[PDB]
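Working notes for the structure below.
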Number of protein chains: 2
Amino acid sequence: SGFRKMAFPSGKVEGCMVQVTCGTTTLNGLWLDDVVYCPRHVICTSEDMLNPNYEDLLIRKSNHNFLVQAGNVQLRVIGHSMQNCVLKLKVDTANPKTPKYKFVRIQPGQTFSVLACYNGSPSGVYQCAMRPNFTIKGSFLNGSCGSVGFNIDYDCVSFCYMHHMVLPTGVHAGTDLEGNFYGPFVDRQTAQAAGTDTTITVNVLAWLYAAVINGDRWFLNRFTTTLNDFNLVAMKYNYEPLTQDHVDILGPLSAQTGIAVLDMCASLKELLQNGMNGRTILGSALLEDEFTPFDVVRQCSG
Amino acid sequence: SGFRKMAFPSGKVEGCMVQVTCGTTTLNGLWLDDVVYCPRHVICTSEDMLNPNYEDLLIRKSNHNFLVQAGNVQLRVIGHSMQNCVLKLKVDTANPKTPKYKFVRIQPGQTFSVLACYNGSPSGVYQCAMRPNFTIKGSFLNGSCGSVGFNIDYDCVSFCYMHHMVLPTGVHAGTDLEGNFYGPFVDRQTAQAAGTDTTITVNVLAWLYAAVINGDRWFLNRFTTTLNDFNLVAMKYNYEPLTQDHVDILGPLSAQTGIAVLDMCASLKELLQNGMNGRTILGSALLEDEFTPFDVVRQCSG
Ligand SMILES: *[C@@](O)(C(=O)NCc1ccccc1)[C@H](C[C@H]1CCNC1=O)NC(=O)[C@H](CC1CC1)n1cccc(NC(=O)OC(C)(C)C)c1=O
Ligand SMILES: *[C@@](O)(C(=O)NCc1ccccc1)[C@H](C[C@H]1CCNC1=O)NC(=O)[C@H](CC1CC1)n1cccc(NC(=O)OC(C)(C)C)c1=O
């Protein structure tokens, strides 16, 4: 009963957050086994930020002046292997709270929970999605850098996101944990295109399959359409093309619900050209597209 | 940058969740020091649920047949003091993870995070509010009972909510941790009025003060009104009266922002009669009222 934007419990990650300081900039790190992960630009001294030289700093910079803190427990630094845009510090102590964990790259449309931190301490958790343009609509301030996004797969923490920067439109770009940016972004202060964002067609459908479940079923209509026609409706309405995979994934829902994906497709396109008239689906006057088919199911079976 | 519905980190509570079984019903408990808290109707055997006798069960029921589990660690039961609608079991072991913690009653309009659990294990966290009618719009299924709502005050966990039941409209009622229901609700299967819910005027204002901050400022208008006139606008639009306290709390925002509360009041009432034309404030086509003035500030200063 009810249907909410809902993040994974943050406990298993909370135990991995630490502070990382270097001169003028302190930001967050992730303490996994005997290594700690942070955005490499922890070594930038502003100035550098206009167009930096992360080769001609990394090796030229020394362990000692990297102040790692695990609350107070000032972790004893060792290594400094740089992977892309992450800086990985091996440390004398290994994490006793280290959860069963994993580094993963997510595709656009997938969601994760974000645990937003400052000075190595968490302030809160929210769920967002990798946008088609490879941005995320998150909530970050000064010091949020190194904050991480994650899924939990039973007792297993899949880490997908580390936060690096804000983009023109108050949206956010960051890397995976092997330090490669989502989207064509660099850690530098240049004019970077956000990109024109599509709506995640499948996620909006899965949302309506969550509605009908939770009794709200008014939007429903007396028509149907084709996977082709639909798509060309999508296009003027900046909806990602819908694909056979997308259909085959909306099955397990469309199944239980009765309603076949292609009716919901018409039920949807009706809403797209018509307006919403100021009525609301699951307490929203807008089409929500940050819920994966999967997201729905876990919030309808623990 | 950005603005999200955001829950407190769940770590400190996760360590307090346990399973509580009695015959046909297993649900969640809260393990604080050497006592564990759960909804008293863990002892109901259906049937009872039509109109129960929690006097003529509590004492008549025996410790041993209460199966408390802390993961596997089958906690050794002792006590059975019943406070209102909670059943409090003292146990041989005290919680080493017991956080600095506190039992508190929240007023309508205030928010808390919910950590929704099944079989004593958490599935996710979301933020919701005590609705004026004393309901909450949450996301709960079978086994969610005993799930708790909370705020965190630095290292201090204020517990406000324990979940008991669903109401007509797919909304939720539950107690404080001293076992007294929010609203006029009872743990029994009778026809219970949800109640007609107002919109939390102050929270909707604090939301707009969060908008302007995060650059979205279009809604803004060329007028003003009075605290009186406004209120009588509120009334047809089911907005709670606005009060001097409500004003004095929107200060610290209205301050930093420049804009004085009474302009935003006109800026608001314009939106109320006019429609939203299908444009959006902070990625919402509806007036959001589950953000306290406080909620905004912490998400603009860690
Ligand atoms: C990180 O938090 C960070 O790298 N800085 C940590 C810090 C900052 C102040 C004091 C102590 C520690 C931020 C993300 C923050 C910034 C404001 N809101 C956030 O979400 N990342 C950056 O500052 C980032 C660094 C880049 C090398 C990778 N960055 C630098 C310069 C300019 C921008 N963006 C910006 O203002 O441009 C737009 C596109 C107009 C928004 C930037 O993100
Ligand atoms: C709790 O989870 C619970 O008490 N039951 C735990 C349980 C259930 C099945 C198997 C194992 C353990 C639920 C809350 C759940 C129920 C479905 N969605 C939820 O949020 N609470 C109740 O079941 C509650 C117990 C009352 C004594 C306090 N309860 C009982 C009967 C009827 C209702 N509500 C209902 O269906 O009525 C409405 C108003 C039409 C919705 C109820 O909530």
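Remember, it's 1-based here, ligands and their atoms both numbered in the order they're listed. Letters A, B, ... are given to chains in the order of the sequence lines, protein chains preceding strands, and every chain is numbered from 1. In what follows, every heavy atom counts, from backbone to side chain, and hydrogens, waters and symmetry copies are set aside.
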Nearest heavy-atom neighbours spanning [X] and [Y]:
X        : Y        : result
B:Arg40  : B:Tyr54  : CZ-CD1, 3.1 Å
B:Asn28  : B:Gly143 : ND2-O, 3.0 Å
A:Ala206 : A:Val296 : O-CG2, 3.3 Å

Checklist outcome for this item: Tested for side-chain contact (heavy atoms from CB on, under 4.5 Å) against A:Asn119, the lone hit among A:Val18, A:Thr21, A:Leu27, A:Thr26 is A:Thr26
Distances only, to 0.1 Å: what are the N or O pairs between ligand 2 and the protein that fall under 3.5 Å?
unit_1: ligand 2; atom_1: 2 (O); unit_2: B:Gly143; atom_2: N; d: 3.4
unit_1: ligand 2; atom_1: 2 (O); unit_2: B:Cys145; atom_2: N; d: 3.1
unit_1: ligand 2; atom_1: 4 (O); unit_2: B:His41; atom_2: NE2; d: 2.6
unit_1: ligand 2; atom_1: 18 (N); unit_2: A:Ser1; atom_2: OG; d: 3.3
unit_1: ligand 2; atom_1: 20 (O); unit_2: A:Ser1; atom_2: OG; d: 3.4
unit_1: ligand 2; atom_1: 20 (O); unit_2: B:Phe140; atom_2: O; d: 3.4
unit_1: ligand 2; atom_1: 20 (O); unit_2: B:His163; atom_2: NE2; d: 3.3
unit_1: ligand 2; atom_1: 21 (N); unit_2: B:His164; atom_2: O; d: 2.7
unit_1: ligand 2; atom_1: 34 (N); unit_2: B:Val166; atom_2: O; d: 3.4
unit_1: ligand 2; atom_1: 43 (O); unit_2: B:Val166; atom_2: N; d: 3.0

Checklist entry - In chain order, what residues pass the side-chain hydrogen bond (donor to acceptor under 3.5 Å, both in side chains) check against B:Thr135, with sequence neighbours excluded? => result B:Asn133
Item to check | B:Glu290 bridged to B:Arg131 by N-O distance under 4.0 Å | outcome: yes
